[PDB]
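Just one chain is shown here, as structure tokens, and it is the form deposited in one PDB entry.
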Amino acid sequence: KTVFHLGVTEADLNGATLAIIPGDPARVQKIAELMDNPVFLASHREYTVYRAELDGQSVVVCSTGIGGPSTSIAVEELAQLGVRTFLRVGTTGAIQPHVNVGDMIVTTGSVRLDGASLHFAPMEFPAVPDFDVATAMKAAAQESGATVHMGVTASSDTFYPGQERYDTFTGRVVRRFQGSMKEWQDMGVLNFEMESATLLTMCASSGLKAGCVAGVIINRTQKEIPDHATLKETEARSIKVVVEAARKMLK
């Protein structure tokens, strides 16, 4: 039995029950090399898959691509192969002025501005992380020296209009999303990203443990397009954090 998109078998995972799921296929090897005995397993489409060992236990690293749809495939196929815990690491845009580029955010719940979450549970259901994963992520983030924020994340199926960006081809935002960034800001929402609503709803409704930690690459109080110089330092810290969160989950 080889899963349809990831191109791996259960035997390939050497008993892993925890996965680290970054978005970018290029981040997969980078995470895996922070652990022991990393091995490349497969690459198909946006899905690059490695295994490694953390404190003697097998751990998967698998990219998701951007968005809930491609995420949902990776999570499902990994769960078919025995993975039960999913630690998302990603980048994010802050919508509160006091959050700085380089800070870390651990999501306590997501605003479901996606479609895939609805393929698992009706809108009433909360897009919430597993409490142990969130706790582990907070501790790992703090222990790294990062400034960490816990709170609500707005999770959008688009980068552009659903995050109320106006520097676009049309410069238009549909009625639903006009004024939405200020509305979420006033409601205390910390940040925008694109996968947590799907991930957290899928997992919380399916017997899987999940959480999301993200490095802040932009503050929307300043600009819409992230600076490229900020990215590499923020990403290095984020992946150290998520591996330490994985360590806490396995202990």
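Residue positions are given as counts along the sequence shown, with the first one as 1. Rigid core (definition): largest C-alpha set, two forms, superposition within 1.5 Å. Residues that one form lacks are left out of the comparison.
Absent from the display: the form deposited in another entry. The rest refers to it.
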| item | value |
| --- | --- |
| Core fit, then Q222 C-alpha moves 2 Å or more between this form and the one not shown | yes |
| Threshold 2 Å Cα movement between this form and the one not shown for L231, core superposed | yes |
| Moved runs of 3+ residues, each with a C-alpha displacement of 2 angstroms or more between this form and the one not shown on the rigid core | 222-233 |
